[PDB]
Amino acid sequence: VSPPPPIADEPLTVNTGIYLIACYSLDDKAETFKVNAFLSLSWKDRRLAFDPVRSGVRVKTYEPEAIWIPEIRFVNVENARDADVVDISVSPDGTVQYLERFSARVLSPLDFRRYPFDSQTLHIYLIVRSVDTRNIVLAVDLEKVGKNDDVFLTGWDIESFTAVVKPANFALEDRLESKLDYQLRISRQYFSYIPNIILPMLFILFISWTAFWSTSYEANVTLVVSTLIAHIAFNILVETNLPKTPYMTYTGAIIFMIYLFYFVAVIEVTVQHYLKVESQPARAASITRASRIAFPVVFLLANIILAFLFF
């Protein structure tokens, strides 16, 4: 079966629509998400037209095999989509109305710079390759683009699901290709990160700073070193939930900076002890007293600077 012939030298417009049934498994490390949706296709094949008076019926139902159907593929899917045809309905004028239900693992890049306070734009790219007979162009039937209310993406808030109505038409291997951009705007549910990572991380840091109210070198060494190890544990926990970015993430920046605080706390703890042994506890006292104000102020200011830089 060959494509529909043109009235004039016009391209064939295949109207599309994606209706999300189930959206799930957003893998941060793999930068993938799984989708379960309806794909609707509609084009005019004049060869399939009929008189509703003569035939008796108002629409004709065909099996995929029977008629010409455009080869619509997804660009950013890992493997070819699992698709099952729901219905093919031809109107008297030859306006075909195809509907299929699919499921696919979509590969869409994620921006972790503001993690865990980040928002993402997931993409679903519909594509059609033009045939030697005639050129095929994609369109968006906005009436058939949407999502079920039930649709939930665990640990994410679904903002919108829209399509960029004008396709990206380009040449590939000397043939015209019509690409469409279906955008799923989501924003992360940062809540859990606060009692699980952020606050525990701040508590161990504040515990380290109690060394500024202690003259006991042995106790200070225990305080700063122990807490530093809990900080390493938290850094490792965080980097396991994330991929390797060629940029600093917000949480990454905070975590990195906190190492410097531990490093300087050890230096202070060392300096204070050296001075004490050197029979200069008056100078050590001045440094320790300063550190009590210096450490939280420089911490608070450094954080303002980063939130500023990052947001």
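Residue numbers here begin at 1 and follow the sequence given.
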Which has higher Cα B-factors on average according to the PDB entry: 36-44 or 55-63? 55-63
When the Cα temperature factors in the entry are averaged, is it 46-54 or 269-277 that ends up higher? 46-54
Would you mind finding, among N196, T222, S208, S89, the residue with the largest C-alpha temperature factor in the entry? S89
Just say lowest, middle or highest third for the CA B-factor of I255 relative to the other modelled residues in its chain. lowest
Quick check on the deposited entry: does the C-alpha B-factor of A284 sit in the lowest, middle or highest third of its chain? middle
For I18, the third of its chain by CA B-factor is the lowest
Going by the entry, which third of its chain does the Cα temperature factor of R113 land in? lowest
For the chain shown, is the CA B-factor of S187 in the lowest, middle or highest third of its modelled residues? lowest
